[PDB]
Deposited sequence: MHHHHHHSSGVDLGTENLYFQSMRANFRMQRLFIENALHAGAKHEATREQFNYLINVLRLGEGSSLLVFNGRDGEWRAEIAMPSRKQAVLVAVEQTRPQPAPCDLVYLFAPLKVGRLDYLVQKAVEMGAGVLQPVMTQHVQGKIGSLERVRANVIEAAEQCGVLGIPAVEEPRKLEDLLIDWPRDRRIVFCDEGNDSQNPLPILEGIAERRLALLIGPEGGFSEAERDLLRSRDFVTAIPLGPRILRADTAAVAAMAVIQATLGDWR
């Protein structure tokens, strides 16, 4: 079934008027079913009513309840080289609850409109069945973030090793996590020294070949989610 994210409260009988999003295609008619969700009342199957041949979505039955929000924080530098729509959508698919852009010494790319990021977030959620909408934050400087950082949350970052992340992930005691991936040019030497100086930061290797930032994000999230996260 198609899935649409809506603003509206969701309950039996809740109505939603197709806001210009009157689709045309995917060519559904009167009586057609789709799934709707809103980020707080879970997932519902709704049926289409059609007053003027406009479209109105009427929620009938709840099909999934609202999960607890995903706790994982994704700290990421925007890239000059490596698409921003892909980075964002993949973070949502891989289970990030918070997307926090980080500005670092070597960043060349820009974040652009947070509006467009949030819209990419919604599209990823609709396509991949994620019912929690991850939060998108305003970009922050890395050093500002590290100074007031909650010590109950471990930051994982990627650094050259043995090149197996698994035994290192296995040693992390904190119940809350954040993955930090830097820009195409990595972290400066000072940034590296500062990360390593933090009690709450752990370095992990990601194999024998250099990975680009977009690759590393999905690869690190996979091993993190499988070892310590919600793939368990």
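Of the deposited sequence, positions 1-28, 52-55, 86, 195-196 lack any modelled C-alpha atom.
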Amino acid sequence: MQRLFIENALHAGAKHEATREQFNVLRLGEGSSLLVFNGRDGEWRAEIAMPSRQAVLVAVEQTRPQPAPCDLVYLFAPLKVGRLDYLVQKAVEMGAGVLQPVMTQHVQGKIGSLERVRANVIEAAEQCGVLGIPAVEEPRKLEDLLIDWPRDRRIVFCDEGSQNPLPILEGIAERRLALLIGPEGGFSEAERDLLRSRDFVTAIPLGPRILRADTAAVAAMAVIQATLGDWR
From here on, numbers count along this sequence of modelled residues.
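Of the two segments, 55-63 and 24-32, the one listed with the higher mean B-factor is 24-32 (C-alpha atoms only).
In this entry, 204-212 shows the higher mean Cα temperature factor of the pair 204-212 and 220-228.
The PDB entry assigns its highest CA temperature factor, among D159, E126, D152, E138, to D159. Across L169, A178, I181, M50, the entry's maximum B-factor at the CA atom is seen for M50. Sort the chain's modelled residues by C-alpha temperature factor and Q89 lands in the lowest third, per the entry. Sort the modelled residues of the chain by CA B factor and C70 lands in the lowest third.
Ranked by C-alpha B-factor against the other modelled residues of its chain, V81 falls in the highest third. The PDB entry assigns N120 a C-alpha temperature factor belonging to the lowest third of its chain's modelled residues.
When the modelled residues of the chain are ordered by their C-alpha B factor, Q105 lands in the middle third.
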